[PDB]
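Shown next as structure tokens: one chain only, the form deposited without its partner chain.
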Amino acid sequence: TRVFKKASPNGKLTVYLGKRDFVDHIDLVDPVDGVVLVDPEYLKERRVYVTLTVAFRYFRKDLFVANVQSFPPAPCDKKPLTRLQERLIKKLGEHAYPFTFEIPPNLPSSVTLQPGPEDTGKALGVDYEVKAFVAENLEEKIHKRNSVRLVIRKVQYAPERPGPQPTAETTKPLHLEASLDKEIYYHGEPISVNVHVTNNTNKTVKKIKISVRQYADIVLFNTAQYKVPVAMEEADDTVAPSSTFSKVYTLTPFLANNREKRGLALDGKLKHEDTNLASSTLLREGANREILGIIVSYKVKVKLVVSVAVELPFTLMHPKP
């Protein structure tokens, strides 16, 4: 078993974390367990504070910050967990003083936007930062020599049981009925659309347009909704004034073509990595009390132009490892 670690400049304190990928189960988020090794040679008026910051960038704004005092340990505190904070303490059996945090169940996941032609040090998005620093008091200024900062992210995977089969139909009017293969799709799976356009009018369908669209609601941006097409399909299929057309199509979203677009959401990046399109956000029971970050959803579109359109929702996320 391997464990991640990081140290401050001047080598005074060091922070250990077992992973920087915390799965957010739909019922309870995973906890963050870390161990701090420090040497109090003359730390008479010095205390160790470990913080967990969830911030939204553009200047930045945070809605969940916390502070945990590791040394001197607070009396009547909780027991450390045996998964990490027992083996780590056994290895550093001299001054290993642990810390722990718990994440509220309704915090947004780590999703970053695509910057495009301009760089601002770090791209827009939501990121979780773990900052551990020694200081005389919590309210006083601390400089980079005394602070350890490590970036983590929160993710969630696909549900085990698939949902109902998506389908949507609309309307001597013409009738169009569409369907997908299944409810949940992965990041490389081809999204097939079943199409049937029975006609009774004299207006013939000229061109069938199908696209996959990514919806990213930003609550902090005055509840703005930005949608972009991540897939495009154009087969130029026409039907007779009053005929019956049934066909299967195929689409596959990918980042290579969408790199040109700006403001498009991507998965959490540790440092300037390449990541897939942002996964869907699973909201617990529809209680939309989260007002911090961004939520991503995907809906397929099927459009017909005469000489009407239906939208089919689905989810796009990785399977459980």
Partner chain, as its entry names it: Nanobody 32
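Positions refer to the first chain, counted from 1.
- The segment from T171 to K172 is interrupted, since 4 to 9 residues of the deposited sequence in that interval carry no coordinates.
- Gap between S307 and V308: 10 or more deposited residues without coordinates.
Another form, the form solved in complex with its partner chain, is not on view; read the next lines as being about it.
- Mapping the unseen interface onto this chain, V38 counts among the residues with a heavy atom inside 4.5 Å of its partner chain in the entry with it bound.
- In the entry with it bound, its partner chain lies farther than 4.5 Å from every heavy atom of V239.
- Interface membership of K91, defined by any non-hydrogen atom within 4.5 Å of its partner chain in the entry with it bound, is confirmed.
- Not displayed here, its partner chain is kept clear of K303 by more than 4.5 Å at the level of heavy atoms in the entry with it bound.
- Between the options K131, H196, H95, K182, the residue in contact with its partner chain in the entry with it bound by a heavy atom within 4.5 angstroms is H95.
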